Every structure is written in structure tokens, then in C-alpha cells.
Amino acid sequence: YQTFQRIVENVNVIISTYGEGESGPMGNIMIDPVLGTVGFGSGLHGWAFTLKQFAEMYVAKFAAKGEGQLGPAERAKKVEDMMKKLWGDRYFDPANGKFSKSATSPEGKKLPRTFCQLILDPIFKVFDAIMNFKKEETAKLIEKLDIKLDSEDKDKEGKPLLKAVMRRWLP
Amino acid sequence: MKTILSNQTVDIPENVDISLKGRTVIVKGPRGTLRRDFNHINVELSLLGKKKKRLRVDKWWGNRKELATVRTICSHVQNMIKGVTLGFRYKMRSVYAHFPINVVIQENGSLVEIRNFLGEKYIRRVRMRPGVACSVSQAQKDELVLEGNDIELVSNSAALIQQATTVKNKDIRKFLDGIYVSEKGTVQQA
Amino acid sequence: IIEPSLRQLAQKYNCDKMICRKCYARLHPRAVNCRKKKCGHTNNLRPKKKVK
Amino acid sequence: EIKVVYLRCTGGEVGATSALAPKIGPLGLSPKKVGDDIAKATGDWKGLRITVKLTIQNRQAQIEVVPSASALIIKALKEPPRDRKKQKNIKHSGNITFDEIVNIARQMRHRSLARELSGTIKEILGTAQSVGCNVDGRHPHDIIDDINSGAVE
Amino acid sequence: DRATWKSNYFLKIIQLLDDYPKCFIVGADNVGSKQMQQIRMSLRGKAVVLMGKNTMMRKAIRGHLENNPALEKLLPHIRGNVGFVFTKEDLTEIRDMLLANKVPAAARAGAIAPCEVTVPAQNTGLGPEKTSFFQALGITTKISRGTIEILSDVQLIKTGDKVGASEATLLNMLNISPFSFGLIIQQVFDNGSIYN
RNA sequence: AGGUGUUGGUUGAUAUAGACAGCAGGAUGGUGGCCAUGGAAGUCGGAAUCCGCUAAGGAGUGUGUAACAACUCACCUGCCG
């Protein structure tokens, strides 16, 4: 995360160096991961994503709502608040329950980053489970993540299975 | 010329109890027992004083080349006493550029499964010395603590896993990879 | 790509060594003579050409 | 915004061997006008390179004559304006006026980084022998002349 | 050479001890030559600071025991870095001026720090540098409008903490001098009576 | 050609007013001394190689910069002898 933050900072140094239009002739041309510009993915398998899909996905799980899909309203403001709180130093821990602004815990412990725990930690777990071939983990994993498999990819395991799961999970 | 006498007294503590028999001593204390033979140098030992408080060594009528080997044996004896009382804790880290070095311990602290050394499929099994207890400790990236009694055995167990990482006949100026010794100390604090 | 302190620690053991003229022996950089019989303990030494 | 910078200009002749581009580049004011103003403000120096300070204001910079050690000595050893091709061995030698030495040492006391006129006269005459000259004798004679016979103020 | 200078130092110490029967014992720790010159800009002539080898001080005091018995208890007070300050103006003003005229400077990577390193909330006033030297040590640096501002005032080097080489470059880049190095007075000698 | 391989002579000095180790601190202001050089400040060249200021700081020992910047040393201090 700090490595990609330094990459975005170096791109911002390039923009501030060679910017002939500075904040109003051209506009806000600085790269921002909050708006959904910085794209994370790997095209060798096929999976690639932005922040907007996870900002739409995690607000349905935690904690509200469907429900009023139209229109430019409280739902869209909650999605923008979620993609704002994912980027930056906004720590989260399930023992606390609610949000926390400080870096240290009120009990006096370490607080993980939400961009680690909510996003990259289940991605590391699904890569670990697929590369280690654990059927008792991946059965409940498919049952949780709702992976639609109706072909011979149940029997075919390994790298084509990983590619199919990643392409179905993140188009 | 032959110098007649050059003594060197050693003030051993009460916790280190020794009992010489010829040129073979035994060392006991809080933990660890170490023995070493001294027949090759052919010197004279003298354990004097009531309740065995200090040791004395002699080298009668030896020249400049033979008196130089007397002071180093005192340093080896002091290192042995330090290994018996305090010990030796060697901490060391791993350095990689692109491919990480998979380090894990097998056979209860006597073998290291070195895997994936800079993209090489060959694996190495560097066995530790008898007596040295290797332990991969937590809260670090790569942290192998080495603990044991004898300084020669502990430093040999450090040197094997230090110089096991060798790049055969390439540019060592650009290729900067290898596991090396960084920290040296004792097991318990004095 | 590499830690600078660990990089200098790697430079201390391997690269930072004086090189003899005749036999090109690897010597510690606090020496006045060589340690090889094949050269004859040549006092002339050279620093190793570092990477730029 | 006040910025202080040194410009070591030739003053007298047209000094082409110089590199003063990154200093007043992104500011906006031309450095050639500043160099011409320094060369006009020197006037009677004509031979030496002097690290002139620039009190850069908001509108334009100001001119402050910096009293140098060797440059005031070779200024006191007055010369006609020489050629532009700058042939070597341009250092002069002769008789320096003691009143001119006092006039330089008063500017050195206004600079105020030494002893009360004595360290200033001695540090001028120490550079005088490094250039190569004599004021009725060299610097070992000047040490004798300063003790109990010089006009100590 | 040195043999004439060593004998001239005896003339210096006998002249100063015959001129001024009142002195201050100071200790100079990690002071610079420019800092000592800026001290002498204030204490140029009225206060003469003298230094030398402690054994030659001991021999000089053993020599002055034959002439003046009032210089008695200067022998056990020579401990560590001892320096004499010859002055005959006042005892209560110079001890405050020596505390007042401490010259600020940056700390050297390798020595201990007497004070705590603090970074105030102020922009750099330059182009956008990298954050690898700042964010790795612990200080969180938020980037807003070119210049990098410091939000969290995280103390890096504490009292007695070892100064590192990587954390010494950021202070030189930010041009911050929080420390105040100088001499520390140890003993006060006032006419055959040592006070503290 | 030599070799801190070892055995022996001569010269030169530092030395209990504390030399040799070994561990730390500065290593200055005029000044960026001058000529010339695309830059010479200590770092392509040629002549000067002196003062205030000490306890001491060379018109700067070396590494490195386009010039600077950065780092290190002789000469000088704290501990042991």
C-alpha cells in the first residue's frame, strides 16, 4: 500500500512539475485513488478492478441498504463515503465494532488497515486456498462468495481454476 | 632470546568450578558443560589458593614465536567461561533482491530447508552443529536465533548458513544477495 | 528493491576487500602485506573497483 | 521576500568566461542588466573579481560594495585599464599609501569581524604579501611598524 | 616548536593566576570552533578561557602551593573536561550569560541527543520531495498543495536515544535546529572558597 | 626486485611536565585569498602558502559534486597508561 502510495506521489510530482495548467486552466488533473483512477489488476489471468465495485459491494454487506437504487442520493453518498474511507489512514478492527480515527486501539493494541483486512486479506486467503487445494475450505468459500460453477471446472483444479474464479469474481 | 617467565593469571569466579587432571579440565556452572584438551601446547597449569579462586599458566624458556601462543589460549578459556555462564546468542537476517529465500526449520532445530534461492529450483539442507539450537523467531521478516554453549560450534553453525548462499562464478558486485550475520551477543544479560 | 543498511552490510563482507597485484588475493582493508607465498608478500595493493 | 546572493563579476573588461545562468533565471529580471549595473558601480576597480552581494527586493536588487582583502590592495596599487585578452602576471607591486590602508581598514572595522583596527591591518597586510608587494617593507616589517609606532585607534 | 610552547604555557598560567584570583570551572562538550568563536565575540577580553593537559594543571597547582596556599582545593576538582575562565567582573551575571549564549546547531548521527527532536506543523517551502525519509521513521506527512505539511507531531529521537544516519538527513533537509549546544559550568572558585 | 619470515647493529626522536595504543569531539572568520578557467572555494592548470584566533583547524590531507553541497584526516582536547 505504501509502495503504490509512493508511486501515486511520484506521478503527482510529475504532474506538479510539468503542469502548464495548474488548478483551473486544466482542472484537477492530479491522480486520485479515491475517485477511482488507480487501477489494480493483472491481465495475464484476466482479473482487473477499480475501487467503485468494492465500494458498491461492501455497503450491501455492512450494513445498509438495498434499497432506493434511484437516484443521486444517500446510497450514492454512502458509496462515495466508503471509497473515501477505504483510501487513507482509516484503521478498522472487528473487536472495536465501530470506526476509529486514532491509529492506536482504545484497549492499547494494534489496529489493522481496512484496505488490508476487508480487501486484500480475503484475496490472500482465496489465493492461498486455491494454491494449496483445500476442499473443505473452498467448498464453504464458494458457498460464501456465490461462485457460479456449472461445468468441468469443479474437477479441473490449479491455474485454470484460479483464472476462472478470478475472471468470474472480478471482471 | 628465551624469556624465562611470562605469567598470566585468570580470576575465575566462584560459580565456575574446575578440577584439572594433567592438561584436561572440566567446566561447570549455571548451564552447559564444555571440555577441551590442552596436550598439544605443553604448558604448565596451577590452580592455587584456598577454595580455588584463580588459575595460573606458565611457559618456561620459550622464545618470541612460542610465547605468542600463550595469550590466545587464555582468550579461548575466557570465551568458554563466557559461554558457560552467559552463552552466545547470534541473530541474523536474510537479504533478497527479487526472489525471497524460503527458510523453515525441520528435525527439531537441526536442519534448515532453504528453498527458492533466487529463482533456483535446487534446495539445500544445511544441518546445524550438535548443541546449537536454531529457532526462527516471530515479529520479523527473517530472524534465526542461534543459541549454544561452545563459541566454535555456535560460530560454525552461523558460518554454514552464512556461506551456504554462494553465487557460482557471476558478478558479485551487481548480484548482492545472501544471508549474513548481523547481531552477536549472549543468551542472558550480565 | 533492497535495504541500504543491509546492502552496506553485504558490501562489508564481500566487496570491501583489498586486492593484491601479483596473485590478486582477497585481503582485509587494514593490511600492509599479502598472505600468499605465490606472490612473495607484495606490499603493493589496489582498492576494488566499486560499482557506479 | 529578501534573498542574498553573490555575483563574482569582472567589472572592468568583458568577462565571457562565466556561468551565472541558474541564479536569476526563473525570477524574471535579466542578469545582464544586473551585471552591467555592477560593472558601472565598480568604475575604478577595473581589474578584479569581487563577490558583490545582492539585496534582492521586490522590484529590483540593490548594489552594495563588498570590501575584499586582495581586491582593495590591488585597487590601491592603481593601474591603467589593460587589454581584454587578459595576459598573465597582472599582479602589481609598488608603494601602498598608509592613508589608503587606513581607509580600507575603516571599512574592515565597519565590517567588524576582528580586533580593534589591529587585527584588520594585520589581516590586510597578510594578504598583501600573498599577492606580492611591500609597504616600505614586507609583512615582518609591518608587524614591527604596527607595534608601538602605528596609528592605533 | 612544542618544547618552547609547553614552557610558555607555564608563563601563561602563572600570569593568569597572579592576575586573577577568581575563576570559573567549565566543561566543553561537543562544541564547534565557530561556536567557541561566537562565545569569544562576547567574552573576548574580560573573560579569558584557558585549556590544557590535566597533568600539567596538576603540576602547576603543585608549583603554586609553594607560593599561594589559598589555591588548595583545586586538585580534587579536576575531573573530566576542565577549563578555566579568568574574569573579575561579577559572579551572578556571567553564570547566567554562559547559559544564555548557547549556540544552536544540528545533532550528529552517532552521538546521543540532549533534547527531544520536534517537528512543528509547517510546510517545507520547496518542491515536492519524497516521503520515504519521513513516513518510514513514523511522522505521518499529508500532501496538500505542493509543499508537504506535517500534521502529527511525532517525536523521533528522545532524551538519550541513539541518533541514526537515516533520520539525520531529514533535519538537514528541513533546516531545523532545535538543540542548543554549549559549555556547562561545574565548579565556582571565589577567592579561596569553592561554592556550588 | 624484494618479504611486519626470524635473528642481530647505527641514526632520529617522543616520554611519569604523562609518548604508543584504543574509544569520542570540533577540524574555524576575513575568504568563495589572487591570476586564469565553461567552474577553482579543496579537488582540470601557474605562482602565494600569511592574520584576527586559540587548546587546534592546512589557502585544506583524501573520498566524492559541473561549481558548490556531503564525508574524512593531520595539527588540538576527554578516558587509560
# chains A, B, ... in the order shown; residues from 1 in each chain; ligands from 1
call {"tool": "residues_around", "arguments": {"residues": "residue 26 of chain C", "least_positions_apart": "5", "cutoff": "10 Å", "atoms": "only C-alpha atoms (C1' of nucleotides)", "output": "JSON list (two decimals) with N, CA, C and O atoms, in the first residue's frame"}}
result
[["chain", "number", "residue", "atom", "x", "y", "z"],
["C", 14, "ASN", "N", 31.74, -9.00, 1.54],
["C", 14, "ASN", "CA", 32.18, -9.50, 0.24],
["C", 14, "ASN", "C", 33.04, -8.50, -0.52],
["C", 14, "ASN", "O", 34.20, -8.79, -0.85],
["C", 15, "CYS", "N", 32.50, -7.31, -0.81],
["C", 15, "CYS", "CA", 33.09, -6.45, -1.82],
["C", 15, "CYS", "C", 34.24, -5.61, -1.27],
["C", 15, "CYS", "O", 35.26, -5.42, -1.94],
["C", 16, "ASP", "N", 34.09, -5.08, -0.05],
["C", 16, "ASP", "CA", 35.07, -4.15, 0.51],
["C", 16, "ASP", "C", 36.31, -4.92, 0.97],
["C", 16, "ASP", "O", 36.55, -5.14, 2.16],
["C", 17, "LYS", "N", 37.13, -5.32, -0.01],
["C", 17, "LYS", "CA", 38.36, -6.06, 0.24],
["C", 17, "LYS", "C", 39.45, -5.54, -0.68],
["C", 17, "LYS", "O", 39.20, -5.24, -1.85],
["C", 18, "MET", "N", 40.67, -5.43, -0.15],
["C", 18, "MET", "CA", 41.81, -5.04, -0.96],
["C", 18, "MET", "C", 42.29, -6.22, -1.81],
["C", 18, "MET", "O", 42.20, -7.38, -1.39],
["C", 19, "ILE", "N", 42.79, -5.91, -3.00],
["C", 19, "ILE", "CA", 43.19, -6.92, -3.97],
["C", 19, "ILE", "C", 44.68, -6.77, -4.26],
["C", 19, "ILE", "O", 45.18, -5.67, -4.50],
["C", 20, "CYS", "N", 45.39, -7.90, -4.21],
["C", 20, "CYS", "CA", 46.81, -7.91, -4.49],
["C", 20, "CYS", "C", 47.09, -7.69, -5.97],
["C", 20, "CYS", "O", 46.20, -7.80, -6.82],
["C", 34, "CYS", "N", 50.63, -8.96, 1.73],
["C", 34, "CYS", "CA", 49.75, -10.05, 1.33],
["C", 34, "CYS", "C", 49.98, -11.28, 2.20],
["C", 34, "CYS", "O", 50.91, -11.34, 3.01],
["C", 35, "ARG", "N", 49.11, -12.27, 2.03],
["C", 35, "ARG", "CA", 49.15, -13.50, 2.80],
["C", 35, "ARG", "C", 49.33, -14.73, 1.92],
["C", 35, "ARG", "O", 48.82, -15.81, 2.24],
["C", 48, "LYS", "N", 39.39, -2.26, -4.66],
["C", 48, "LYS", "CA", 38.50, -2.88, -5.62],
["C", 48, "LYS", "C", 37.62, -1.83, -6.29],
["C", 48, "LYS", "O", 37.10, -0.92, -5.63]]
call {"tool": "closest_atom_pairs", "arguments": {"of": "chain E", "to": "chain A", "cutoff": "9 Å", "atoms": "only C-alpha atoms", "output": "tab-separated table"}}
result
residue	atom	partner	partner_atom	distance
E:127	CA	A:13	CA	8.6
E:128	CA	A:13	CA	6.2
E:129	CA	A:13	CA	8.0
E:130	CA	A:10	CA	7.8
E:131	CA	A:6	CA	7.4
E:132	CA	A:6	CA	7.9
E:143	CA	A:9	CA	8.7
E:146	CA	A:16	CA	7.2
call {"tool": "write_last_selection", "arguments": {"atoms": "N, CA and C atoms", "output": "compact mmCIF listing (two decimals), in the first residue's frame"}}
result
# COMPACT_ATOMS: atom_id res chain seq x y z
N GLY E 127 9.97 22.39 -3.54
CA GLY E 127 9.29 21.47 -4.40
C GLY E 127 8.91 20.20 -3.67
N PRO E 128 8.07 19.36 -4.28
CA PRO E 128 7.62 18.12 -3.62
C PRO E 128 8.71 17.06 -3.61
N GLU E 129 9.26 16.80 -2.42
CA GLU E 129 10.24 15.74 -2.26
C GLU E 129 9.53 14.40 -2.04
N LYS E 130 10.33 13.38 -1.75
CA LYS E 130 9.79 12.06 -1.47
C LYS E 130 9.38 11.95 -0.01
N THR E 131 8.48 11.02 0.28
CA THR E 131 8.01 10.77 1.63
C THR E 131 8.66 9.54 2.26
N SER E 132 9.66 8.95 1.60
CA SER E 132 10.30 7.75 2.13
C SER E 132 11.19 8.05 3.33
N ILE E 143 0.09 15.31 2.11
CA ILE E 143 0.48 16.16 0.99
C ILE E 143 -0.72 17.01 0.59
N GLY E 146 1.31 20.94 -3.19
CA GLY E 146 2.73 21.00 -3.50
C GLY E 146 3.63 20.76 -2.31
call {"tool": "select_by_dssp", "arguments": {"residues": "segment 1-170 of chain A", "states": "strand (DSSP E or B)", "output": "JSON, numbers by chain"}}
result
{"A": [40, 41, 48, 49, 91, 104, 110, 113]}
call {"tool": "closest_atom_pairs", "arguments": {"of": "chain F", "to": "chain B", "cutoff": "12 Å", "atoms": "only C-alpha atoms (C1' of nucleotides)", "output": "JSON lines"}}
result
{"residue": "F:5", "atom": "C1'", "partner": "B:65", "partner_atom": "CA", "distance": 11.1}
{"residue": "F:6", "atom": "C1'", "partner": "B:65", "partner_atom": "CA", "distance": 9.2}
{"residue": "F:7", "atom": "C1'", "partner": "B:1", "partner_atom": "CA", "distance": 9.2}
{"residue": "F:8", "atom": "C1'", "partner": "B:1", "partner_atom": "CA", "distance": 11.2}
call {"tool": "interface_residues", "arguments": {"of": "chain E", "to": "chain C", "cutoff": "12 Å", "atoms": "only C-alpha atoms", "output": "PyMOL selection string"}}
result
chain E and resi 164-166
call {"tool": "write_last_selection", "arguments": {"atoms": "C-alpha atoms", "output": "mmCIF file, in the first residue's frame"}}
result
data_model
loop_
_atom_site.group_PDB
_atom_site.id
_atom_site.type_symbol
_atom_site.label_atom_id
_atom_site.label_comp_id
_atom_site.auth_asym_id
_atom_site.auth_seq_id
_atom_site.Cartn_x
_atom_site.Cartn_y
_atom_site.Cartn_z
ATOM 1 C CA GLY E 164 20.588 7.298 13.316
ATOM 2 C CA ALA E 165 22.028 8.147 9.926
ATOM 3 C CA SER E 166 18.743 7.948 8.001
#
call {"tool": "decode", "arguments": {"residues": "segment 15-138 of chain E", "atoms": "C-alpha atoms", "output": "tab-separated table (two decimals), in the first residue's frame"}}
result
chain	number	residue	atom	x	y	z
E	15	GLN	CA	50.46	35.20	34.76
E	16	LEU	CA	46.73	34.44	34.81
E	17	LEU	CA	46.81	33.08	38.38
E	18	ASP	CA	48.81	36.10	39.54
E	19	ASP	CA	46.45	38.49	37.73
E	20	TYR	CA	43.04	36.99	38.55
E	21	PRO	CA	42.46	35.25	41.94
E	22	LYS	CA	38.92	34.28	40.88
E	23	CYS	CA	37.85	31.73	38.28
E	24	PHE	CA	35.07	29.55	36.89
E	25	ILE	CA	35.49	25.87	36.04
E	26	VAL	CA	33.66	24.91	32.83
E	27	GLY	CA	33.26	21.76	30.77
E	28	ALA	CA	33.09	21.92	26.98
E	29	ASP	CA	31.05	19.10	25.43
E	30	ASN	CA	30.75	18.64	21.61
E	31	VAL	CA	31.23	22.35	20.86
E	32	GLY	CA	32.29	23.70	17.47
E	33	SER	CA	35.12	26.08	16.64
E	34	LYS	CA	32.66	28.62	15.21
E	35	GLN	CA	30.59	28.23	18.39
E	36	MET	CA	33.67	28.93	20.52
E	37	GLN	CA	34.44	31.98	18.35
E	38	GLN	CA	30.87	33.23	18.84
E	39	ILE	CA	31.36	32.75	22.59
E	40	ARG	CA	34.60	34.77	22.40
E	41	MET	CA	32.75	37.53	20.49
E	42	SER	CA	31.01	38.25	23.80
E	43	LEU	CA	33.76	37.11	26.20
E	44	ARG	CA	36.69	38.46	24.18
E	45	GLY	CA	38.85	40.36	26.66
E	46	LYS	CA	37.13	40.50	30.04
E	47	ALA	CA	36.92	36.68	30.30
E	48	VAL	CA	39.96	34.61	29.28
E	49	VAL	CA	39.19	30.93	28.73
E	50	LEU	CA	42.20	28.63	29.19
E	51	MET	CA	42.63	24.90	28.49
E	52	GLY	CA	45.46	22.40	28.73
E	53	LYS	CA	46.62	18.97	29.82
E	54	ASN	CA	45.29	17.99	33.25
E	55	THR	CA	48.64	16.63	34.44
E	56	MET	CA	50.28	19.95	33.56
E	57	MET	CA	47.48	21.68	35.51
E	58	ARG	CA	48.28	19.38	38.45
E	59	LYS	CA	52.00	20.22	38.26
E	60	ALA	CA	51.15	23.94	38.01
E	61	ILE	CA	48.96	23.75	41.12
E	62	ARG	CA	51.69	21.80	42.97
E	63	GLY	CA	54.02	24.64	41.98
E	64	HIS	CA	51.59	27.32	43.18
E	65	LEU	CA	51.24	25.53	46.55
E	66	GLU	CA	54.68	26.89	47.48
E	67	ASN	CA	53.69	30.50	46.72
E	68	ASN	CA	49.97	30.84	47.50
E	69	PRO	CA	48.33	28.42	49.99
E	70	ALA	CA	44.85	29.72	49.05
E	71	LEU	CA	44.90	27.62	45.86
E	72	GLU	CA	44.37	24.43	47.87
E	73	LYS	CA	41.24	22.53	46.80
E	74	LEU	CA	41.72	22.87	43.03
E	75	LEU	CA	43.37	19.44	42.85
E	76	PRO	CA	40.37	17.09	43.50
E	77	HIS	CA	38.06	19.30	41.41
E	78	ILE	CA	39.96	18.47	38.20
E	79	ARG	CA	37.64	15.80	36.79
E	80	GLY	CA	36.89	15.26	33.12
E	81	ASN	CA	36.96	18.23	30.76
E	82	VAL	CA	38.19	21.11	32.92
E	83	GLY	CA	38.56	24.65	31.62
E	84	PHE	CA	39.45	27.85	33.44
E	85	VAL	CA	37.61	31.15	33.00
E	86	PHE	CA	39.59	34.13	34.30
E	87	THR	CA	37.38	37.17	34.95
E	88	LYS	CA	36.98	39.79	37.67
E	89	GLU	CA	33.58	41.36	36.89
E	90	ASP	CA	30.77	39.52	38.73
E	91	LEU	CA	29.77	36.04	39.87
E	92	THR	CA	26.00	36.15	39.36
E	93	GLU	CA	25.79	37.63	35.85
E	94	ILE	CA	28.37	35.57	33.95
E	95	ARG	CA	26.82	32.30	35.17
E	96	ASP	CA	23.57	33.42	33.54
E	97	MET	CA	25.25	34.74	30.38
E	98	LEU	CA	27.03	31.41	29.81
E	99	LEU	CA	23.62	29.72	29.90
E	100	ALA	CA	22.20	32.44	27.64
E	101	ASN	CA	24.80	32.42	24.85
E	102	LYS	CA	24.44	28.75	23.81
E	103	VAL	CA	24.70	28.43	20.03
E	104	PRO	CA	22.05	26.25	18.33
E	105	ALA	CA	23.16	23.55	15.91
E	106	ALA	CA	22.07	20.21	14.48
E	107	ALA	CA	22.92	16.85	16.02
E	108	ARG	CA	25.48	14.44	14.60
E	109	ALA	CA	24.47	10.90	13.65
E	110	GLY	CA	26.27	8.68	16.16
E	111	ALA	CA	26.20	10.74	19.34
E	112	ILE	CA	23.45	10.99	21.93
E	113	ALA	CA	20.90	13.80	21.88
E	114	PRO	CA	20.34	16.03	24.93
E	115	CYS	CA	16.88	17.24	23.88
E	116	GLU	CA	13.86	15.84	22.04
E	117	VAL	CA	13.57	16.31	18.28
E	118	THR	CA	10.27	18.02	17.45
E	119	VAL	CA	8.96	18.94	14.00
E	120	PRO	CA	6.46	21.84	14.02
E	121	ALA	CA	3.43	21.97	11.74
E	122	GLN	CA	4.97	23.96	8.89
E	123	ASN	CA	5.35	23.36	5.16
E	124	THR	CA	8.74	22.78	3.55
E	125	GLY	CA	8.54	25.78	1.22
E	126	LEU	CA	10.20	23.92	-1.67
E	127	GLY	CA	9.29	21.47	-4.40
E	128	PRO	CA	7.62	18.12	-3.62
E	129	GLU	CA	10.24	15.74	-2.26
E	130	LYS	CA	9.79	12.06	-1.47
E	131	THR	CA	8.01	10.77	1.63
E	132	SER	CA	10.30	7.75	2.13
E	133	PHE	CA	12.56	9.63	4.55
E	134	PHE	CA	9.65	10.95	6.61
E	135	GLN	CA	6.95	8.26	6.68
E	136	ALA	CA	9.37	5.40	7.41
E	137	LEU	CA	10.51	6.97	10.70
E	138	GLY	CA	6.97	7.43	11.99
